[PDB]
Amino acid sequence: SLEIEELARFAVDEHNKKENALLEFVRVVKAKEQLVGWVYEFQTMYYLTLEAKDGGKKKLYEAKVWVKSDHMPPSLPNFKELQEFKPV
């Protein structure tokens, strides 16, 4: 789940830019892969549970990440977009 941790880090970065937040990524807890497109390119929705530190304290968050790739996930995606980020 290395490829997953990179998507989880991206989700935390995008959240921090969106909400002017300062969450510090720790680890992926659980991850669901879902194919949502298979015409012209692969489109995958990731449902991530990740641990991040808010004000120094480790809390759990659920992130939804939308990726497009030429090859089956989790190969290098040419598009990434945070759809949802909330504390569990």
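From 1 onward, residues are counted along the sequence shown.
Just going by the entry, 56-64 versus 39-47 on mean CA temperature factor gives the higher value to 56-64. In this PDB entry, the Cα temperature factor of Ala11 sits in the bottom third of its chain's modelled residues, the lowest group.
When the modelled residues of the chain are ordered by C-alpha B-factor, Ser69 sits in the lowest third. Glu81 sits in the lowest third of its chain by CA B factor, as recorded in the PDB entry.
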